[PDB]
Amino acid sequence: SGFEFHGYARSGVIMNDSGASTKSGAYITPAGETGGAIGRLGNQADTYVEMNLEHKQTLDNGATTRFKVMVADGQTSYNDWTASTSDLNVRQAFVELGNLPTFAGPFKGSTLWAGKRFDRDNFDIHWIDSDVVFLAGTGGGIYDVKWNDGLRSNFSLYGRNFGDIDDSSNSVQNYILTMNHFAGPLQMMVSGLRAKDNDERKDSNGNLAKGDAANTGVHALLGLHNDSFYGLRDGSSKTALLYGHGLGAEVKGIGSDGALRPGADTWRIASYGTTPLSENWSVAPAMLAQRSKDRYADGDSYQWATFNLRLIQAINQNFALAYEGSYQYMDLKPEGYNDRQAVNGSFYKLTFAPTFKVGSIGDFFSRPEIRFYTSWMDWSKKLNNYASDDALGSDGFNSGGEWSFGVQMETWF
Amino acid sequence: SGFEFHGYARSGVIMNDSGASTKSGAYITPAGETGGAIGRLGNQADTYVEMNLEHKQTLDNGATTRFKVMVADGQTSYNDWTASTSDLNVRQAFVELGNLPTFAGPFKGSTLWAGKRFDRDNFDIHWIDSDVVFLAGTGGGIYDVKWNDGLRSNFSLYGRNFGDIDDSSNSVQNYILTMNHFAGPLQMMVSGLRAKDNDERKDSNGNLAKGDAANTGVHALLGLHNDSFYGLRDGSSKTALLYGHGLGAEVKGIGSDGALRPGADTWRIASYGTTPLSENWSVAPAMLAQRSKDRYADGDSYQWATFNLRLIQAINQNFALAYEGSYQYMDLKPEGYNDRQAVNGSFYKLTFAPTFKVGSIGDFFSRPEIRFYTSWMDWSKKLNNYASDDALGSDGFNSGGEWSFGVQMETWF
Amino acid sequence: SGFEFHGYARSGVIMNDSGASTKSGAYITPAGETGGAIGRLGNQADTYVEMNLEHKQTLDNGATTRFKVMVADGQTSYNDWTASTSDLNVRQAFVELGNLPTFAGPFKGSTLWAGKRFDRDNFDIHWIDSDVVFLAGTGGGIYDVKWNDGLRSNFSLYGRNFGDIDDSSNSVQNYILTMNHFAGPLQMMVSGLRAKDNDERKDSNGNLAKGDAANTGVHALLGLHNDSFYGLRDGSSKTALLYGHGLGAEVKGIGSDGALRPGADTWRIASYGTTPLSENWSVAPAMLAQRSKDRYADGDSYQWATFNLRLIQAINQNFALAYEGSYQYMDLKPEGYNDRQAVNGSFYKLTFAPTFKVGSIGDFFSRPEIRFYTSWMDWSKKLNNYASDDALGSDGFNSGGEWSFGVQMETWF
Ligand SMILES: [Ca+2]
Ligand SMILES: [Ca+2]
Ligand SMILES: [Ca+2]
């Protein structure tokens, strides 16, 4: 074929009961620094855009060629001109060669790739704005190598960078080797990571940036992809168990955290399901929980659990009423790292959002949608003490109850 | 349908009689700081670009879906690589849901929207590179709510920002509520603005950035959209009368000036018309005049009037001779604000521009056009004293007569 | 017609035998600072992208209209998000009016243009990542003016900038007048350049940035474009002889070097050919050599010669084995300029690259291709002393033999 334009975009406004700014974000709680995302409904005031320009080509022999570039930007400003704070950057630029006539046996319908990209098989938990796994970087690999016609595999080499790319003394390359295997609804991903002499990176002064940072790592994922709502009702569901050690201890953005100690050990559980309660009510519950030890400091510990619940009630072919409920518990023990103070408590979010759209209201993924909303947030006051440049406890966002209102659009195509 | 690519672009060169750089710009006179634009022909040496990527969709039931992103940049450099000074930024990102089957009564053919955008109904005076009204920002609203089938209305909430978005103590959100009514050729726009605690923004030091800055404002527009040249000849014309007080005292870029005093008061008149003088001559006169008091400083006063006159003489199906005449009078009394000195006097611009094009030469808006030109400018020497980092009076641009030459292209689609 | 999307893109990874970063680039040898490029195969670890968005239009009378914007970026980082170091910028924005009914005689099928662009008639030596001639900037001109129906000419005015565009005292515009003539396989290009008071640019302090810099220049190109492999075998070839003086002494990027002395004198010879050795082997030899005197410092001298040899052996319809051999000799005498020390010696590069593609393997220009590789480099140890912030001799890249491995993709459409 030819050219294709795909993308994602969120844009909107959030204000408090006084008609002034406030804090918002899927990652605003103290637990968010370690990936403890909360519901995103009526809780994202940024204008984020991903523009995907493609050039596809199918040859007569069945062989396909595919080139794609992603140009992204995220702004918190509401103004029509944001040159001074622009974050516009090329996120991806890759080439895929699929269904080559020359590829036989287990490589029959396999697709080869090279360049900078997000792995094709990453998957997320939409309502919480968090990927379950996110393998991205620059490299090469092959998708869909079929063995015995019931076990497909992906093999790849992804490279990343730690530190300042400009400073040759504070810059290191991190390589990731991964095998991704699929057997029915079952998934098993195993990655090996290595960033040589990560521990010897010297900052601009001449001192070691870390010194106790890891140079290697291991990462694994065990996933269950069901075509039903946890096997007891119509719908879908995904449950994943993540584990990592050393550089692999940041279980979501594989190889994206250069500060991890050699003994960093993480376990994360991700799970969500989709199901219709009637021809008008749809429910999408979700859970994210993690336990991370000896992560950045010896003897530290980060533990948290999020529970998000998105509910949509159709009223028209175009009008719906969406509701969201977030609950999160955290017990954080940073051990001085980044001037963080040990904290524990819970966060609550209640959002009511009148929603307009044209597509299937029962489909949590039909996108052109415009929503109006109101949220209420509260949390254990102790949480304010985690950090001083935090959102929780900052000026005007320290009290018990916090109300917010706004409008926003979101789509993808 | 699918994808659409629209945009605008101007690019060219301007040199003086010595083959060296000079000053140029629709806003180069002292009057330009408060919106006093002048002719743009042979007076724009920047390479400005707006790239609009869209994804439209029309459903079988008549309902439309529309997503658009604007990415813009403006460079004064002539070089082929401008990474170091790039201003590439996302100006807009919005979604429009039109002609929904669920919308009845006055909402029949109305279109809902949300995101960052320039309001659909803003209009400009092209030859002077100035909008008449420019409502933009992030928010939501509805277009074309028909009452009694002869009175349409637009209602919206647009949000903007004052100060440095990164500095929480020097950052404020400004909200705007507007109702835009149309009755035949008549238009009446009324907006109310509010940026809470604008007056309490402290700069990076700890001092108040302004202190006497306004926190609220009101803005109004009375417009006449004629389908004839001022009702006495074939063509078109528009005449608008603008008024604003407080934050609304910047009558063009609504809610874009956070330094306005509470008692800031402005009146502005905009008017232009288009008409063919024969099957070869077309004329487009234009006028912009403003009177602003207690704007930035107590007792200040800004008053200016611009008169632009664009004439085109067809010679071929592809060749034309364009002429532009600009006259501007100003009486500015800044009262020490920004080290500006009271000044008064006039500015003159005469431009001759051999133009090449393929479209209708009589249409002032048929765009693909390439022009060669020569301009002469002169002004009251007193004007040079308004500012010291100004264009008028700077090195090599202080004398009476100033000649310029160049080539440029301009289009939109 | 309508919209068109074209572009170019390379993206890959290069690591040494320890799985860590190394130095790479077509211009990494000391000779590279003056244009001494070497083979690029398995020697480019950056993610460079050019995105060309166009809006074409053909009218019923045969007249065409064309608008193009180029947005480019280059990153050495492997990460998925590079906002902090993004180099995204508008490289071009121009308009072409072709085959106008009004244009008769020698201007019959000529095409008029204006804006910022890379000249249509520039050409390169792909395997070495170097243009032969590169005229770019902002201006206007006309292409294909036919005289006696066997002599076509291009005439144009391109403007560029020297110094910081923001600093009015350290900014100068350089203008270039050029006539490009074609008579069969023969080409003769002559350009005159001028940047008034380039020698009087004062840096931020108040001192002269150069003082002995040139204000004018002359450039000439003599080229032979053959439809055979140097007239003795099937294929193609191009041989060009470049000469420049003063500002014209940078013979590739015309008008791009503002530090050239008035007596700067350069001669460059560029030549390459393409030919199939059999139905499976293709060979592309190339040569670039230059002699530049009194360039930046009185009595300085830069002389180098690169010989590149690209060979491809088809094995399948999809698989090929590419080989590259680079040899370069240099004798550099900087005379204290930039703290460079006089150096002389040679550089060697051997690359083996298993390549996958769908297109014509024998065509060096069929692009969708993914390559895996291994390279070996070595050079005279003396070369390490040219500079201290150089690649040769830097930490971990000073020894004799240097091995590298990686994967990359490259395309254009
Ligand atoms: Ca806090
Ligand atoms: Ca002045
Ligand atoms: Ca060196």
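Letters go in sequence order (proteins before strands), and every chain restarts at 1. All values below were derived from every heavy atom in this structure, side-chain atoms included, with hydrogens, water molecules and symmetry-related copies excluded.
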In a table with atom names and distances, give each donor-acceptor pair under 3.5 Å that connects a side chain of residues 176-192 of chain A to protein atoms at least two apart or in another chain.
unit_1: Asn180(A); atom_1: OD1; unit_2: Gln187(A); atom_2: NE2; d: 3.4

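- Between the side chain of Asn316(C) and the main chain of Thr102(A), no donor-acceptor pair closer than 3.5 Å is present.
- For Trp376(C), the CH2 atom is densely surrounded, since the number of other residues' heavy atoms within 6.0 Å is greater than 12.
- The backbone N or O of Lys238(A) lies less than 3.5 Å from a partner atom in the side chain of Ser271(A), making a donor-acceptor pair.
- Aromatic ring pairs are classed by plane angle as parallel below 30°, tilted from 30° to 60° and perpendicular above 60°; the pair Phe372(C) and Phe356(C) is perpendicular.
- When atom types are taken as modelled, the side chain of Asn122(A) and the backbone of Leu135(A) share a donor-acceptor pair closer than 3.5 angstrom.
- With sequence neighbours excluded, the residues forming a side chain to side chain contact (heavy atoms under 4.5 Å, CB included) with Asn215(A) are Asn198(A), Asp199(A), listed by chain and number.
- Applying the side-chain hydrogen bond (donor to acceptor under 3.5 Å, both in side chains) test to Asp119(A) and every residue at least two apart in sequence or in another chain returns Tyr143(A), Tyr158(A).
- Using a 4.0 Å cut-off between a side-chain N of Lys or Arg and a carboxylate O of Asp or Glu, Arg310(A) and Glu324(A) qualify as a salt bridge.
- Between the side chain of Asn226(A) and the backbone N or O of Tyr230(A) there is no donor-acceptor pair closer than 3.5 Å.
- Residue pairs satisfying the side-chain hydrogen bond (donor to acceptor under 3.5 Å, both in side chains) criterion with at least one member in residues 283-292 of chain A, sequence neighbours excluded, are listed as follows: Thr266(A)-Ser292(A), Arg268(A)-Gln290(A), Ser292(A)-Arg295(A).
- Formation of a donor-acceptor pair under 3.5 Å by the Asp80(C) side chain with backbone atoms of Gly137(A) is not found in this model.
- Ring centers of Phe5(A) and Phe5(B): at least 6.0 Å apart, outside the cut-off.
- With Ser156(A) contributing its side chain and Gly141(A) its backbone, the two residues share no donor-acceptor pair below 3.5 Å.
- Side chain of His6(A) to backbone of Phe413(A): a donor-acceptor contact under 3.5 angstrom is found.
- For the pair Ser1(B) (side chain) and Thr58(B) (backbone), a donor-acceptor distance under 3.5 Å is absent.
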Q: Evaluate side-chain hydrogen bond (donor to acceptor under 3.5 Å, both in side chains) for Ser326(A) paired with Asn308(A), printing each intermediate quantity in order.
A: CA-CA 5 Å; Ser326(A) 297; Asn308(A) 195 254; 2.6 Å; yes
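- Counting only heavy atoms from C-beta outward, the side chains of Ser256(A) and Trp81(C) never approach each other to under 4.5 Å.
- A 4.5 Å side-chain heavy-atom check between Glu410(A) and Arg40(A) finds at least one atom pair inside the cut-off.
- For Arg152(A) and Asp144(A), the salt-bridge test passes: some basic side-chain N is under 4.0 Å from an acidic carboxylate O.
- Pairs of residues two or more places apart, or lying in two chains, that qualify as ring-ring contact (aromatic ring centres under 6.0 Å, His included) and include a residue from residues 236-264 of chain A are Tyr243(A)-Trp267(A).
- Residues passing the side-chain hydrogen bond (donor to acceptor under 3.5 Å, both in side chains) test with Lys56(A) are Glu4(A), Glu54(A), sequence neighbours excluded.
- Using a 4.5 Å heavy-atom cutoff, the side chains of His219(A) and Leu242(A) are in contact.
- For the ring-ring contact (aromatic ring centres under 6.0 Å, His included) condition, the pairs that include at least one residue of residues 270-293 of chain A, sequence neighbours left out, are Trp127(A)-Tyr272(A), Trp281(A)-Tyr323(A).
- For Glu369(A), the salt bridge (charged side-chain N to carboxylate O under 4.0 Å, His left out) partners two or more places apart in sequence, or in a different chain, are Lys357(A), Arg367(A), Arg371(A).
- Contact of the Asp121(A) side chain with the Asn154(A) side chain is registered, since non-hydrogen atoms from C-beta on lie closer than 4.5 Å.
- Ring geometry, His126(A) versus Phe365(A): the interplanar angle exceeds 60°, so the pair is classed perpendicular (tilted spans 30 to 60°).
- Using the six-membered ring where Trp is involved, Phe134(A) and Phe118(A) have ring planes that are perpendicular, over 60° apart on the 30 and 60° scheme.
- Under a 3.5 Å cut-off, the side chain of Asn161(A) and the backbone N or O of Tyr78(C) do form a donor-acceptor pair.
- Not a single side-chain hydrogen bond (donor to acceptor under 3.5 Å, both in side chains) links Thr22(C) to another residue, sequence neighbours left out.
- Partners of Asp265(A) according to the salt bridge (charged side-chain N to carboxylate O under 4.0 Å, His left out) rule, which considers only residues two or more places apart in sequence or in another chain, do not exist here.
- Considering only residues two or more places apart in sequence or on other chains, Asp363(A) meets the side-chain hydrogen bond (donor to acceptor under 3.5 Å, both in side chains) condition with none of them.
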Show me the donor-acceptor pairs, under 3.5 Å and distance only, between side chains in residues 93-100 of chain A and residues at least two apart or in other chains.
unit_1: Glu96(A); atom_1: OE1; unit_2: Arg66(A); atom_2: NH1; d: 2.8
unit_1: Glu96(A); atom_1: OE2; unit_2: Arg117(A); atom_2: NH1; d: 3.0
unit_1: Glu96(A); atom_1: OE2; unit_2: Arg117(A); atom_2: NH2; d: 3.3
unit_1: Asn99(A); atom_1: ND2; unit_2: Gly62(A); atom_2: O; d: 3.1

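- The main-chain N or O of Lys116(A) is found under 3.5 Å from a side-chain atom of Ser11(C) such that the two form a donor-acceptor pair.
- Between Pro368(C) and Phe67(A), the closest side-chain pair of non-hydrogen atoms is not below 4.5 Å.
- Side-chain contact, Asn52(C) with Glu50(C): no donor N or O sits under 3.5 Å from an acceptor N or O.
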